[PDB]
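Below is one structure, written out as structure tokens; the observations come after it.
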Ligand SMILES: Nc1nc2c(ncn2[C@@H]2O[C@H](COP(=O)(O)OP(=O)(O)OP(O)(O)=S)[C@@H](O)[C@H]2O)c(=O)[nH]1
Ligand SMILES: [Mg+2]
């Protein structure tokens, strides 16, 4: 074959990590049952004339999987640090939980900053439940501003629900890994 790379995905609860993996691998969105950790799919993908076997590692942090997470880190080639466009609190934790942590187990490892649930930017229900507690949905600017802060390979937005922008997340993830 060719190039075999290991991608680990981390982020706050319900920011869409497991869903995202699935849309990318199974090629449609899981509405019925979403597991807590999607098992270990290795997915074929062709990026920049290279054939890659991308191995997807899901994580969690509530609760069992707090303890088990750091075990999925070791041999990582690319990280998907995620947050959700509809939760600015999840963004807050990018520089305060997830970067310091990643950089501890996997320094020198390329990070993609991903904001999921893109579809919920202009969802009216969403805009209102947020304004209640004096918040609005994350802007694309402040996501890219944050990717630059943490020293990320790039920034990508996607909605696994609408399937939009998902492939792009994993090309940028694969490129980031291919970069040796
Ligand atoms: N609108 C919208 N909702 C989403 C999207 N992805 C996930 N969700 C919703 O948010 C909830 C959390 O999904 P999930 O993917 O399991 O979060 P997670 O942080 O990855 O949780 P885990 O399985 O790794 S432990 C689900 O109920 C799902 O309906 C998305 O792209 N758009
Ligand atoms: Mg979680």
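Here the Cβ is made from the backbone with ideal geometry for all residues, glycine too, and neighbour counts use every protein chain on show. Please treat every number below as a calculation from the coordinates, not as lab data.
Taking residues in segment 7-27 that are farther than 10 Å from residue 82 by Cβ and touching a residue at least 60 places away in the same chain (Cβ under 8 Å), and partners anywhere that are within 10 Å of ligand 2 (Cβ to nearest atom) and assigned to a loop (DSSP other than H, G, I, E, B), the pairs with Cβ atoms closer than 8 Å and at least 6 places apart or on different chains are 8/59. Considering segment 1-17, and only residues there that are crowded, with 21+ Cβ neighbours inside 10 Å and within 12 Å of ligand 2 (Cβ to nearest atom), the residue that is farthest from residue 90 (Cα to Cα) turns out to be 9.
When segment 63-93 is filtered for residues that are in a helix (DSSP H, G or I), closer than 24 Å to residue 148 by Cα and without any contact (Cβ under 8 Å) to a residue 60 or more places away in the chain, the ones remaining, listed by number, are 88, 91, 92. From the list 54, 71, 80, which residue is over 23 Å from residue 138 (Cα atoms) and in contact with a helix residue (DSSP H, G or I) (Cβ under 9 Å, 6 or more places away or on another chain)? The conditions single out 54. Scanning for something surrounded by 12 or more Cβ atoms within 10 Å (Cβ to Cβ), within 16 Å of ligand 2 (Cβ to nearest atom) and more than 29 Å from residue 137 (Cα to Cα), does segment 28-35 turn up at least one residue? For segment 28-35, residues surrounded by 12 or more Cβ atoms within 10 Å (Cβ to Cβ), within 16 Å of ligand 2 (Cβ to nearest atom) and more than 29 Å from residue 137 (Cα to Cα): absent. Looking only at segment 16-37, residues that are near ligand 1 (Cβ under 6 Å from one of its atoms), within 15 Å of residue 165 (Cβ to Cβ) and touching a helix residue (DSSP H, G or I) at 6+ places or on another chain (Cβ under 8 Å) come to 0 in all.
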